[PDB]
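> Okay, handing you the structure first.
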Amino acid sequence: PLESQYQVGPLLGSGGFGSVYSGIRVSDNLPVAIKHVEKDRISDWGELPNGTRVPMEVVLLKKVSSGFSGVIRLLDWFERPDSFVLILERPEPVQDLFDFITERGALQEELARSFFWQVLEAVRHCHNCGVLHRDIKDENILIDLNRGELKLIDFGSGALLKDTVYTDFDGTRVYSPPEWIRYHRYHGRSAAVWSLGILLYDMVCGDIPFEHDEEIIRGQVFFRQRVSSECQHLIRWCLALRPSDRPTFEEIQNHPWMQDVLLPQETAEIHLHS
Ligand SMILES: COc1cc(-c2ccc3c(-c4ccccc4)[nH]nc3n2)ccc1O
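Per the working numbering, the very first residue in the sequence shown carries number 181; after that it's consecutive.
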């Protein structure tokens with residue numbers, strides 16, 4: 181039982197990530213996070229080996245929880261009469277990237293580079309395990325302050341990665357690409373590159389570039405902060421209106437702006453205990 185091996189605590193973020201509470205694995209006092217989702221509110225279901233009917237979030241989580249510390253890992257899960265319970269890693273201390281940027285404003289390019297590199301690595305990992313996140317944004321990224329490591333969270337809007345067209349989407353609209361707004365269809369990788377474009381802009385500029393469908397459709401990027409030419413090119417590239425014109429992950433990590441990133445621990449020593 182859950183009440184048996186974990187000591188449940190208060191809600192986290194007052195409903196920021198939905199119904200997730202802080203907890204402790206009582207056997208070793210491991211900090212965990214405990215997410216509840218009720219069956220009635222589940223739109224997308226999956227099948228686990230051995231045929232157990234389970235929310236897609238769990239299949240995706242099982243596939244990406246391999247020990248790579250770029251994504252928050254699923255330690256365990258339980259089924260209850262009317263809901264499901266997830267036990268997840270809880271970094272300590274930790275801060276959400278959205279709150280980090282809010283408090284700090286536009287990040288210095290050295291720091292945005294380290295962060296953005298880590299996020300790419302995490303997304304590459306997901307794709308390699310057959311998972312498309314679909315909700316990449318600052319709110320879904322945690323910072324492990326001690327180690328300077330970023331971690332992806334919230335795979336609730338995710339899908340199995342496929343090479344064919346997607347026609348559904350339940351993520352954040354201002355992070356969605358022109359194809360979705362205009363046609364309600366997209367391909368996984370080029371849409372993910374678009375959202376990464378939005379994310380990077382948010383990091384260097386302190387906010388998102390588009391607030392309405394029309395701004396997204398137009399694809400004009402105005403920079404309100406001082407941003408290097410190299411970084412501007414990368415952002416404008418990811419935010420190409422035509423999916424085909426967008427870079428591949430390899431092209432992004434080979435971009436000149438991306439060269440000579442800091443190691444996560446270096447990043448923490450320089451920027452996190454500033
Ligand atoms: C990796 O997959 C998922 C992860 C989460 C999620 C959310 C908040 C989390 C915190 C935390 C700890 C302290 C403060 C704030 C957050 N720690 N670990 C978390 N995990 C929720 C759904 C998912 O599918």
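Here a beta-carbon is modelled for each residue, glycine too, at the ideal position from N, C-alpha and C.
Could you tell me which of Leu266, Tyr186, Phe248, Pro389 sits nearest to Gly198, measuring between CA atoms?
Checked all of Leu266, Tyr186, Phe248, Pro389; the closest Cα to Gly198 is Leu266.
> Under the three-state reduction of DSSP, which class applies to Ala448: helix, strand or coil?
Helix at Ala448.
> Between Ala213 and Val251, how many whole angstroms is the CB-CB distance? I'm expecting something under 8 Å.
Actually they do not touch by this definition, with Cβ atoms about 13 Å apart.
> Would you mind giving the Cβ-Cβ distance between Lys243 and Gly310, rounded to the nearest angstrom? I have them listed as a contact below 8 Å.
The pair is a contact, with the Cβ atoms about 6 Å apart (cut-off 8 Å).
> By how many angstroms is the C-alpha of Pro181 removed from the C-alpha of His313?
Computed Cα separation, rounded: 30 Å.
> If you drop the 5 nearest sequence neighbours on each side, which residues of the same chain put their C-beta closer than 7 Å to that of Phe248?
Around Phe248: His305.
> Below 8 Å between beta carbons: does that hold for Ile361 and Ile397?
Going by C-beta atoms, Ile361 is nearer than 8 Å to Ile397.
> Excluding the 5 residues preceding and the 5 following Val354 in the sequence, name in chain order all residues of the same chain whose CB lies nearer than 7 Å to its CB.
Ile388, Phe390, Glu391.
> Can you tell me whether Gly368 is helix, strand or coil according to DSSP?
Note: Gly368 maps to helix in three-state DSSP.
> Counting only the same chain and skipping the five closest in sequence on each side, list residues whose C-beta sits under 8 Å from that of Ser263.
Only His216, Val217, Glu218, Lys219 meet the Cβ criterion.
> DSSP has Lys331 in a bridge; who is on the other side?
BP columns for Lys331 point to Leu322.
> From what residue to what residue does the alpha helix (DSSP H) around residue 180 run?
Residue 180 lies beyond the residue range present for the chain, which begins at 181 and ends at 454; the question has no answer from this structure.
> Confirm, please, whether the CB-CB distance from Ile415 to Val401 is below 8 Å.
Yes.
> Could you check what DSSP says for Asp350 in three-state terms: helix, strand or coil?
Residue state, collapsed to three classes: coil.
> Any idea what DSSP makes of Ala302, helix, strand or coil?
DSSP places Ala302 in helix when its eight states are reduced to three.
> Going by C-alpha distance, which of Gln185, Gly226, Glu329 is nearest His451?
Out of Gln185, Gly226, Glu329, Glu329 has the C-alpha closest to the C-alpha of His451.
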